[PDB]
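Engineer:
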DNA sequence: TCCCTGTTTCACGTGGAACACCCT
DNA sequence: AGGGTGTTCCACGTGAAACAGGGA
Ligand SMILES: Nc1ncnc2c1ncn2[C@@H]1O[C@H](COP(=O)(O)OP(=O)(O)OP(=O)(O)O)[C@@H](O)[C@H]1O
Ligand SMILES: Nc1ncnc2c1ncn2[C@@H]1O[C@H](COP(=O)(O)OP(=O)(O)OP(=O)(O)O)[C@@H](O)[C@H]1O
Ligand SMILES: Nc1ncnc2c1ncn2[C@@H]1O[C@H](COP(=O)(O)OP(=O)(O)OP(=O)(O)O)[C@@H](O)[C@H]1O
Ligand SMILES: Nc1ncnc2c1ncn2[C@@H]1O[C@H](COP(=O)(O)OP(=O)(O)OP(=O)(O)O)[C@@H](O)[C@H]1O
Ligand SMILES: [Mg+2]
Ligand SMILES: [Mg+2]
Ligand SMILES: [Mg+2]
Ligand SMILES: [Mg+2]
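Chains as they are written, first to last, in PDB author numbering: chain C, 1 to 264; chain D, 1 to 264; chain B, 1 to 264; chain A, 1 to 264.
1) Within 10 Å of its beta-carbon, does residue 70 of chain B have 16 or more other beta-carbons around it, so buried, or fewer, so exposed?
2) Who pairs with residue 189 of chain B in a beta bridge, going by DSSP?
3) Could you pull the start and end residues of the alpha helix (DSSP H) that residue 208 of chain D belongs to?
4) Pick out whichever of A/255, A/217, A/227 has its Cα sitting closest to the Cα of residue 264 of chain A.
5) Counting along the chain, where does the beta strand (DSSP E) carrying residue 254 of chain A start and finish?
6) So with CB distances below 9 Å, who are the chain B contacts of residue 48 of chain A?
7) By DSSP's criteria, residue 32 of chain C is part of a beta bridge. Which residues make up the other side?
8) How is residue 184 of chain A classed by DSSP in three states: helix, strand or coil?
9) Taking C-alpha atoms, which residue in D/200, D/145, D/76, D/1 lies nearest to residue 58 of chain D?
10) Kindly indicate which residue of D/73, D/139, D/200 has the alpha-carbon position closest to the one of residue 170 of chain D.
11) What residues of chain A sit near residue 136 of chain B, judged by a beta carbon separation below 7 Å?
12) What does DSSP give as the partner residues of residue 213 of chain A in its beta bridges?
13) Which runs of the beta strand (DSSP E) at least 3 residues long sit entirely within the region 5 to 89 of chain A? Give them in chain order.
14) Can you give me, in chain order, the residues of the region 12 to 38 of chain A that have a beta carbon less than 7 Å from any beta carbon in chain B?
15) Between the alpha carbons of residue 61 of chain D and residue 92 of chain D, how many angstroms are there, rounded?
16) To the nearest angstrom, how far is the alpha carbon of residue 2 of chain A from that of residue 131 of chain A?
17) Bridge partners of residue 309 of chain A, per DSSP?
18) Closer than 8 Å is the cut-off here; do at least three beta carbon pairs connect the region 110 to 122 of chain C with the region 12 to 19 of chain C?
19) Return the bridge partner residues of residue 222 of chain D from the DSSP annotation.
20) Helix, strand or coil for residue 102 of chain B per DSSP?
21) Using the beta-carbon of each residue, which ones in chain B are nearer than 9 Å to residue 132 of chain A?
22) Any beta carbon from chain A within less than 8 Å of residue 232 of chain B's own beta carbon?
23) May I ask you to list the residues that DSSP assigns as paired with residue 148 of chain A?
24) Select from the region 221 to 245 of chain B all residues with a C-beta closer than 8 Å to any C-beta belonging to chain A, and list them in chain order.
25) Please check the pair residue 173 of chain A and residue 181 of chain A, which I expect to be a contact at CB under 8 Å, by giving their CB distance rounded to whole angstroms.
26) Near residue 51 of chain D, which residues of its chain fall below 8 Å by C-beta distance, leaving aside the five closest residues on each side in sequence?
27) Leaving out the 5 sequence neighbours to the left and right, which residues in its chain are closer than 6 Å to residue 347 of chain D when beta-carbon positions are compared?
28) With distances taken Cα to Cα, identify the nearest neighbour of residue 211 of chain C among C/235, C/190, C/185.
29) Given a cut-off of 8 Å, decide if residue 233 of chain A and residue 197 of chain B are closer than it, judged by their beta-carbon atoms.
30) Kindly indicate if chain B contains any beta-carbon less than 8 Å away from that of residue 89 of chain A.
31) Under a three-way DSSP split, which group does residue 136 of chain B fall into?
32) Considering only the beta carbon of each residue, do residue 230 of chain D and residue 244 of chain D sit closer than 8 Å?
33) Residues of chain B with CB under 8 Å from residue 195 of chain A, in chain order?
34) Report the rounded CA-to-CA distance for residue 56 of chain C versus residue 176 of chain C, giving the unit in angstroms.
35) Pick helix, strand or coil for residue 227 of chain D, following the three-state DSSP scheme.
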């Protein structure tokens with residue numbers, strides 16, 4: 001049995017990668033698939049959105065990579081039966097020392113997350129990883145551990161040069177440490193369809209990348225997460241948008257996204 | 001003559017650090033004060049916002065920190081006569097390794113920017129530093145070099161946790177590397193007043209922090225940068241907002257911010 | 001022992017004359033003051049609102065106006081010991097002929113209600129008159145027999161022309177038939193404050209009339225009867241709203257109205 | 001051509017008779033049929049809804065019945081080309097004496113409006129007559145003039161007793177003065193489908209009257225005018241709803257009403 | 001059987017942003 | 001095209017009313 005490993009990644013800050021990672025893991029779990037969410041960010045917002053406050057987590061993801069803990073020891077069960085979580089902390093910031101000290105000897109350490117994952121790749125249908133807003137060692141680990149990658153795009157000017165940067169980082173990993181990697185899709189998020197900027201940013205991206213954007217395969221239309229404040233309120237209750245408000249615009253787009261993952 | 005050096009910092013991604021750093025440095029410079037803007041981010045969104053392209057620039061700030069260049073060589077003149085820019089590149093992400101090699105040697109290297117800025121500080125009234133989304137080495141450098149620090153707040157749930165721990169980084173360095181360091185002010189960003197998440201997030205923030213919020217000395221009112229899509233448009237035109245739409249509310253709010261900073 | 005006779009009048013249909021007349025008379029009678037309620041409408045909705053079937057009572061007010069009955073025989077004891085009712089039939093539309101044969105004859109016909117009320121005026125603290133939607137004879141009698149007049153205002157467009165029109169009827173009789181007659185107050189009815197029609201109608205009304213709007217003497221605030229569907233439900237059960245839902249906002253507002261009338 | 005003459009009638013005040021009569025006459029005129037709106041009420045709200053002022057109306061509907069003018073003199077043209085209006089004044093209140101002065105001799109005068117309509121029944125497809133809130137001479141005249149009768153029903157407790165009375169008045173006239181009179185339909189107005197009262201009132205009415213309610217001939221569903229404050233704002237601009245807001249719910253139901261009339 | 005308190009559900013005002021004139 | 005205007009569209013807060021347990 002094999003888990004599909006998905007990275008949610010962008011180096012631009014505040015683009016919905018944590019909201020995607022939490023609400024994609026949720027929307028997949030309600031289809032009765034076995035889901036593991038890795039909060040791979042030092043800010044650890046994905047953990048906080050599931051209602052586990054940072055201070056009361058005993059041992060975390062940082063302890064796994066060093067070899068201090070097994071990954072199954074740190075796995076927590078969430079509110080949903082088919083959702084499980086590997087949390088994060090401020091302690092994850094110290095991974096960057098551990099990475100670069102390992103680089104100057106064996107040049108591995110991009111793979112520290114893959115080898116951590118190895119034990120649990122057969123208990124899950126899906127393992128979703130939430131990355132920080134940078135192209136450093138945390139993100140690089142996640143891209144190296146992943147079968148595929150979901151890219152949230154806030155359609156605003158810096159996405160343009162930013163996306164081509166992220167894909168270029170993706171190309172050089174395919175050709176080195178992770179050939180098995182694929183672009184799972186591009187996910188327009190915080191989407192406000194009528195803005196001129198949103199139109200104009202989409203048009204430049206569709207120009208190069210259109211085949212790569214998520215289709216609802218049923219109706220052919222694009223899957224885009226609308227700007228909805230209930231998506232934003234939802235982590236204050238420690239719940240994904242499913243449990244919080246299931247009929248809202250955002251939850252709908254997150255369910256539709258789950259189906260397009262499941263069709264292939 | 002000593003520059004006041006103001007780092008614009010928040011570790012949460014996408015809260016308007018770059019938009020604020022670009023616009024304040026512009027709004028300060030129309031008063032005929034000499035301003036240097038430092039793009040301290042590998043994403044290099046500040047350099048993009050002033051109409052440069054990072055593929056086409058010769059030497060960046062990474063070449064200054066490694067000592068290869070003196071900082072007055074990499075300085076570019078912008079479209080404004082009082083605004084100069086130390087640009088940045090993806091190559092600034094290479095500073096990551098170098099920090100933990102300088103931590104390994106001197107137990108310093110947080111002061112690299114501080115020692116780089118020493119040649120140009122009698123040359124400008126204000127130096128504005130745009131920090132990346134982390135508590136990692138670059139932001140610590142931006143903070144350890146600075147007299148004061150602006151904290152842009154997008155008024156949403158992750159800010160409650162996130163501001164708190166940024167302050168503790170500030171209190172750490174206020175006891176350690178940079179005891180002179182001041183909090184310049186709290187700057188509400190992307191502000192939509194009528195929203196119950198925005199109200200409640202600002203409510204929780206006001207009981208702890210109210211004295212640290214930027215105010216308009218004429219009216220006594222809070223200075224808050226409104227959500228205006230024009231603020232997002234101007235970097236596509238390679239411009240600060242005052243050269244784009246000077247009458248727009250975002251331009252008005254950044255110039256109010258500028259005036260309250262110039263007062264001391 | 002002299003009754004204050006309050007005509008509840010507006011020529012506009014459906015503005016809450018009957019609801020106001022029925023509910024004020026109940027709210028005055030729980031203060032243990034004796035109230036006579038006069039259904040001066042052929043539609044006879046007031047009689048229906050107290051739970052008396054139109055076809056099941058012997059003689060009505062029409063029979064007093066034509067002299068066939070002394071009014072004290074036509075009086076009925078309601079479910080409240082302090083509320084009595086002069087009921088009405090469809091027969092009261094038969095006053096219409098009889099009026100235009102009275103000024104023909106004696107130049108009276110204005111005063112028949114005034115003279116019918118002569119036997120019972122020393123017998124009640126308050127007498128409440130519920131008038132039909134016209135400036136014709138029945139409203140005229142109702143207005144000419146009254147010490148004071150309540151004007152219910154549905155705050156909507158026709159009220160502007162409608163209220164101004166009624167006042168000229170009022171000041172005509174103040175100049176002629178009944179000079180002692182005073183406006184008791186304006187009573188906003190079916191009130192929904194948030195509506196811009198309601199704000200605009202009330203505003204145009206306030207510049208001419210504000211002094212004559214009913215106020216709560218304790219808080220200084222206006223007395224307005226809200227839209228509450230409990231008020232509309234109450235006559236189906238044959239009750240005033242204090243016998244239906246005494247806790248509802250519409251009940252509170254009529255009791256405030258009652259309190260304001262009792263005090264002066 | 002013989003005009004179909006339609007009375008909008010009910011003796012309950014403020015149930016939407018004028019709003020029905022103006023907006024039905026309007027919704028018929030956009031179908032390129034020739035429409036004459038007789039404002040037959042003393043309060044004259046139909047006229048005021050079309051942006052005509054009482055102070056500037058020269059000779060009115062009162063003058064036609066007294067023989068002071070022929071009807072084609074007093075007819076005015078509205079904003080719409082296919083909508084003509086016969087206006088009213090405060091002077092129409094003096095019709096009531098003329099009726100019972102003709103009753104004292106020859107027992108006619110119920111037919112005074114019909115006889116006045118003789119010259120214009122061939123110049124119009126539709127003549128919409130708006131009656132006052134009573135069963136006296138003005139309503140009777142127009143009920144005797146009309147081919148059919150539309151009953152607006154505000155679904156609230158007094159509709160029950162009021163309707164039985166208005167149907168019974170129709171039976172008296174079907175027997176005597178106007179045998180050709182049909183009930184054109186029942187039109188629920190100010191409709192709020194959620195309320196317990198509204199349900200409860202309709203259920204007692206459907207019990208006796210169901211086939212008499214207006215159906216959409218297309219869908220089969222009932223046609224009811226919804227409570228919309230745009231319907232209320234609309235006369236303040238001197239416009240029927242279809243010029244004011246043609247999109248709004250109120251205008252839609254009034255259009256569907258016009259369609260059902262147009263199929264006979 | 002009388003009560004209480006959450007959730008749904010629906011009309012209506014609010015303000016941002018696009019856009020179509022319209023100025024001249 | 002530059003600078004008004006107002007008009008149209010869309011999210012989101014607001015509060016009334018029904019309803020569903022949950023109260024023993
Ligand atoms: N469609 C949406 N509508 C409204 N708010 C959203 C939406 N998606 C995400 N958010 C909110 O926007 C903010 C940024 O989203 P999020 O934090 O998931 O982005 P991020 O890329 O994870 O940020 P970081 O760069 O710190 O990792 C959060 O406050 C979140 O609550
Ligand atoms: N009213 C506003 N104020 C600030 N930024 C805005 C506003 N409206 C839109 N934006 C846009 O919001 C986006 C995020 O802002 P910005 O990139 O300045 O945040 P940041 O803190 O620099 O993010 P990063 O962590 O990626 O550096 C940008 O695309 C900017 O163009
Ligand atoms: N404050 C209120 N809120 C809700 N419904 C009300 C209110 N006041 C009255 N009603 C209802 O509104 C309708 C009109 O009220 P009412 O019959 O008292 O007006 P009116 O002035 O007596 O009209 P008319 O005498 O011309 O028929 C009735 O159905 C009544 O049940
Ligand atoms: N949804 C609606 N449908 C009909 N009328 C409405 C609606 N909303 C508000 N109104 C208003 O209802 C009020 C009474 O309606 P209207 O005046 O047409 O009834 P009416 O029977 O003509 O009254 P009158 O008894 O004075 O003749 C008016 O102020 C009208 O503007
Ligand atoms: Mg995140
Ligand atoms: Mg930035
Ligand atoms: Mg009445
Ligand atoms: Mg009317």
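Just so it is clear, CB atoms sit at the ideal spot from N, CA and C, and this is done for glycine as well.
Structural biologist: Result, derived from the coordinates:
1) Working through the third chain from its first residue, we reach residue 70 of chain B at position 70. With fewer than 16 Cβ atoms within 10 Å of its Cβ, residue 70 of chain B is classed as exposed.
2) As a position in the third chain, residue 189 of chain B is number 189, starting the count at 1. Answer is B/154.
3) Taking the first residue of the second chain as position 1, residue 208 of chain D is located at position 208. Residue 208 of chain D -> alpha helix (DSSP H) spans 196 to 209.
4) The residue you call residue 264 of chain A lines up with position 264 of the fourth chain. Considering only alpha carbons, the answer is A/217.
5) In the fourth chain, residue 254 of chain A corresponds to position 254, counting from 1. From DSSP, residue 254 of chain A is part of no beta strand (DSSP E) but of the alpha helix (DSSP H) over 249 to 262.
6) Taking the fourth chain and counting its residues from 1, the one referred to as residue 48 of chain A is at position 48. Near residue 48 of chain A (Cβ distances below 9 Å), the residues of chain B are 157, 158, 161.
7) Residue 32 of chain C sits at position 32 when you count from the first residue of the first chain. Answer by DSSP bridge pairing: none, since residue 32 of chain C is not bridged.
8) Position 184 of the fourth chain, counted from the start, is the residue given in the question as residue 184 of chain A. Strand, per DSSP.
9) Indexing the second chain from 1 puts residue 58 of chain D at position 58. If we check each option's Cα against that of residue 58 of chain D, D/76 comes out closest.
10) By one-based count along the second chain, residue 170 of chain D stands at place 170. It is D/139 whose Cα lies nearest to the Cα of residue 170 of chain D.
11) Residue mapping note: residue 136 of chain B aligns to position 136 of the third chain, counting from 1. Within chain A, the residues near residue 136 of chain B are 93, 96.
12) For the purposes of this step, residue 213 of chain A is taken as residue 213 along the fourth chain, with counting starting at 1. Partner(s): A/186.
13) 35 to 39, 83 to 86
14) 12, 13, 14, 15
15) One-based indexing of the second chain puts residue 61 of chain D at position 61. One-based indexing of the second chain puts residue 92 of chain D at position 92. Residue 61 of chain D and residue 92 of chain D: Cα-Cα distance of roughly 7 Å.
16) For the purposes of this step, residue 2 of chain A is identified with residue 2 of the fourth chain, where counting begins at 1. For the purposes of this step, residue 131 of chain A is identified with residue 131 of the fourth chain, where counting begins at 1. Roughly 22 Å separates the two Cα atoms.
17) With chain A covering only 1 through 264, there is no way to say anything about residue 309 of chain A.
18) no
19) For the purposes of this step, residue 222 of chain D is taken as residue 222 along the second chain, with counting starting at 1. DSSP, once it has assigned bridges, lists D/215 as partnering residue 222 of chain D.
20) By one-based count along the third chain, residue 102 of chain B stands at place 102. Reduced to three states, the DSSP call for residue 102 of chain B is helix.
21) Taking the first residue of the fourth chain as 1, we reach residue 132 of chain A at position 132. Result: 13, 133, 134.
22) On the third chain, residue 232 of chain B is found 232 positions in, with the first residue counted as 1. By this cut-off, residue 232 of chain B is an interface position.
23) Taking the fourth chain and counting its residues from 1, one reaches residue 148 of chain A at position 148. Beta-bridge pairing links residue 148 of chain A to A/6, A/182.
24) 229, 232, 233, 235, 236
25) The count along the fourth chain starts at 1 and reaches residue 173 of chain A at position 173. The count along the fourth chain starts at 1 and reaches residue 181 of chain A at position 181. Correct: roughly 6 Å between the Cβ atoms.
26) By 1-based counting over the second chain, the position of residue 51 of chain D is 51. So the list reads 78, 79, 237, 238, 239, once near-sequence residues are dropped.
27) Residue 347 of chain D lies beyond the stretch modelled for chain D, which goes from 1 to 264, so this question has no answer here.
28) Locating residue 211 of chain C in the first chain gives position 211, counting from the first residue. Nearest option by C-alpha distance: C/185.
29) By 1-based counting over the third chain, the position of residue 197 of chain B is 197. By 1-based counting over the fourth chain, the position of residue 233 of chain A is 233. Contact: yes.
30) By 1-based counting over the fourth chain, the position of residue 89 of chain A is 89. No, residue 89 of chain A lies away from the interface with chain B (no Cβ there is under 8 Å from its Cβ).
31) Taking the third chain and counting its residues from 1, one reaches residue 136 of chain B at position 136. Reduced to three states, the DSSP call for residue 136 of chain B is coil.
32) Looking up residue 230 of chain D in the second chain gives position 230. Looking up residue 244 of chain D in the second chain gives position 244. In this structure, residue 244 of chain D lies closer than 8 Å to residue 230 of chain D by Cβ.
33) Position 195 of the fourth chain, counting from 1, holds the residue named residue 195 of chain A. Chain B residues near residue 195 of chain A: 229.
34) Residue numbering aside, residue 56 of chain C sits at position 56 when the first chain is read from its first letter. Residue numbering aside, residue 176 of chain C sits at position 176 when the first chain is read from its first letter. Distance between the alpha carbons of residue 56 of chain C and residue 176 of chain C: 39 Å.
35) Against the second chain, residue 227 of chain D aligns to sequence position 227. Reduced to three states, the DSSP call for residue 227 of chain D is coil.
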